[PDB]
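A quick write-up on the structure given underneath.
All residue numbers in this chain count up from 1 along the given sequence. These values consider heavy atoms only, across backbone and side chains, with no hydrogens, waters or symmetry-generated copies. In each ligand, atom 1 is the first atom listed, and ligand 1 is the first ligand listed.
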Amino acid sequence: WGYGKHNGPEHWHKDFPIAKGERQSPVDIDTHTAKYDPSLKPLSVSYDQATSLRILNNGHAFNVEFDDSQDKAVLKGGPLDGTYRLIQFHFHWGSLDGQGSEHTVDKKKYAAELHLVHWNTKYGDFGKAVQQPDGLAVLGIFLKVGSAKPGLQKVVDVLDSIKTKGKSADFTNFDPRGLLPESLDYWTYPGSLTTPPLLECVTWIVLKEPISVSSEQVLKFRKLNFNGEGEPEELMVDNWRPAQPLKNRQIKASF
Ligand SMILES: [Hg+2]
Ligand SMILES: [Zn+2]
């Protein structure tokens, strides 16, 4: 799998037949169709005690890893029942500014999209959560091209270091709190991971309010490579999956 012409999302079904499943992500968020649910409590983001370990180029994107051996960086409340631990964050960006986001809002695409992955602590480890219908909780954050995001610059500078798939670098004392928007207004629906295995274990929480980043901050993302060192260079762009059919599922709004 990849995002290329012959291994793109349109081919994932042959290896991961769940691609054509019942609760696949991402989707289009029809705002007029979304249902305002008043029984939704506000989001609870406790990242004050977060511990980042490193950043790796996995060949499909770059991941920032955190220590999830203790309730250090957690998400609870909202549509969730129980505590969800942060394990990693990554992005999906486009080749141009008119694309990159996975999830869409009234068919509108953003420059990039941030995913904060968390796993349900009653399951013990990430590996066991992916075997559950309520296994994961991902926090979706859209990025638009504007003024620079000071809190994202640390991530941006270390990229020179992980240009190719396989590369990784020490990356401690990173506060995710810096990538959060002002409002925590959200949309929530049942879905999956948006890259193979596409496990239908995720509870999506997409915030209404996007963060803005500079053209230069987004430009460094596009300098990444899918390939490993010493292989023909194929730039890491359009690492996003097209929107899937909603299929009965309903999107609730917390606002
Ligand atoms: Hg699952
Ligand atoms: Zn993702």
Side-chain angles (χ1 to χ4, degrees), residues 1-3 8-9 12 16-29 55-66 68 73 75 79-82 84-94 99-105 109-143 152 155 162 165 176 179-180 186-207 210-211 213 218 221-222 224 226 236-244 247 249:
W1 71 273
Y3 302 90
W12 302 347
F16 315 89
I18 197 155
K20 303 206 151 204
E22 287 310 282
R23 49 172 290 187
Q24 285 285 294
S25 312
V27 308
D28 177 53
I29 286 138
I55 186 156
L56 172 95
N57 182 319
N58 61 34
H60 65 259
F62 69 81
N63 283 207
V64 177
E65 306 172 353
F66 296 65
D68 68 337
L75 197 222
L80 317 176
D81 294 309
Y84 287 73
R85 277 190 192 155
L86 166 67
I87 195 183
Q88 56 98 340
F89 71 69
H90 42 274
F91 301 84
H92 301 269
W93 55 92
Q99 56 178 53
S101 59
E102 299 208 282
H103 284 84
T104 58
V105 181
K109 321 176 158 47
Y110 288 89
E113 186 168 329
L114 171 49
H115 297 146
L116 292 133
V117 190
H118 319 64
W119 54 274
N120 195 336
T121 56
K122 90 209 79 162
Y123 305 120
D125 67 74
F126 180 84
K128 289 298 206 157
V130 298
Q131 297 177 187
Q132 306 294 155
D134 70 346
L136 301 188
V138 179
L139 216 204
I141 307 184
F142 299 122
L143 280 60
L152 181 65
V155 177
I162 61 155
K165 173 184 177 44
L179 307 177
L180 308 182
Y186 64 91
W187 295 290
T188 193
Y189 81 99
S192 64
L193 286 177
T194 57
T195 77
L198 303 176
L199 305 172
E200 297 184 321
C201 308
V202 189
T203 297
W204 277 96
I205 318 181
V206 196
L207 306 317
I211 52 159
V213 301
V218 77
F221 278 38
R222 299 168 185 153
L224 288 66
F226 282 122
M236 192 183 286
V237 277
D238 299 328
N239 59 341
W240 57 264
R241 177 198 194 177
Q244 308 298 302
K247 294 184 168 142
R249 287 179 301 181

For this session: Check the pair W204, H103 against ring pair (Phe, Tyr, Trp, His ring centres under 6.0 Å), reporting the backbone distance first and the verdict last.
Result: CA-CA 10 Å; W204 277 96; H103 284 84; 4.7 Å; yes

Problem set entry | Donor-acceptor under 3.5 Å (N239 side chain, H60 main chain) | yes

Exercise. By salt bridge (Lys or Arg N to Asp or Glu O under 4.0 Å), which residues pair with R249, not counting sequence neighbours?
Worked result: none

Problem set entry | Heavy atoms from other residues, nucleotides or ligands near NZ of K122 exceed 12 (cutoff 6.0 Å) | yes

For this session: Indicate the ring-plane relationship of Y3 and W12, choosing parallel, tilted or perpendicular according to the 30° and 60° boundaries.
Result: perpendicular

Seminar exercise, completed: Near the Zn ion (ligand 2), protein N/O/S count under 2.8 Å comes to 3

For this session: Say whether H92 and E102, considering side chains only, have a donor N or O and an acceptor N or O under 3.5 Å apart.
Result: yes

